Amino acid sequence: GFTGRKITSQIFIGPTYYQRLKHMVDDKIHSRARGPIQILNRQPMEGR
DNA sequence: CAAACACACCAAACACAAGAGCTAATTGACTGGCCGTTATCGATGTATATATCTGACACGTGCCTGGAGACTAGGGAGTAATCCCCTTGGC
């Protein structure tokens, strides 16, 4: 794609049926900096 | 015979079962006794609405008193003539 030179090996390309799972990235990314604390033991909370 | 320890067996518990990471949803106490507030039922009225009886005013009927009508009886009031007493009038 970049230079326009043929690829020495012959790639294997064709139609094929692909799915998409629900595991998006934005639903898993998480971070913390001195968030809310628990009431029993004064430690950070659990769960995104 | 009684006491020491050892062994095999039976009976009784302890603690562990990798690192974690994300998401969802089921549970949101309940009869009863009792006090405290408040809603309701009840009496004890006084105020207002209506019914009965009494009093004053009004229209109407009435009993009673006095007044009025037609008719009568018979005599009181009243013309027409007369006398002559007496008054007005006179010198």
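Here is a short report on the structure shown in this document. (Residues numbered from 1 in each chain as written, not as in the entry; some residues may be left out. Chains lettered and ligands numbered in written order. Part of a larger assembly, values for the part shown. Heavy atoms only, no water.)

**Looking at the overall build of chain A**
Here comes step 1: Across its full length, chain A carries zero helices and zero strands.
Here comes step 2: The buried share among the 48 residues of chain A stands at 2%.
Here comes step 3: Accessible surface computed for chain A: about 6000 Å², of which carbon and sulfur atoms make up 56%. (Helix = DSSP H or I, 4+ residues; strand = E, 2+ residues; numbered from the N terminus. Buried < 20%, exposed > 50% of the residue type's maximum accessible area, 1.4 Å probe, protein only. Areas by Shrake-Rupley, 256 points an atom, 1.4 Å probe, with all protein chains shown as cover.)

**Comments concerning unusual backbone geometry**
Here comes step 1: The phi dihedral of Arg 34 is positive, around 55 degrees, even though this residue is not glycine.
Here comes step 2: Residue class for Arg 34 comes out exposed when judged on its relative accessible area of 83%.

**Let's talk about the environment of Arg 32**
Here comes step 1: The exposure class of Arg 32 is partly exposed, given its relative accessible area of 40%.
Here comes step 2: Considered as a pair, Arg 32 and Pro 44 are twelve residues apart in the sequence and their alpha carbons are 9.3 Å apart.
Here comes step 3: If sequence neighbours within four positions are ignored, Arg 32 has contacts with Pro 44 and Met 45.
Here comes step 4: Within the structure, the side chain of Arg 32 is placed 3.1 Å from the backbone oxygen of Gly 35, a separation counted as a polar contact.
Here comes step 5: A distance of 2.6 Å separates a polar atom in the side chain of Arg 32 from the backbone oxygen of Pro 36. (Contact = heavy atoms within 4.5 Å. Polar contact = N/O pair within 3.5 Å; in protein donor to acceptor, adjacent residues only side chain to side chain.)

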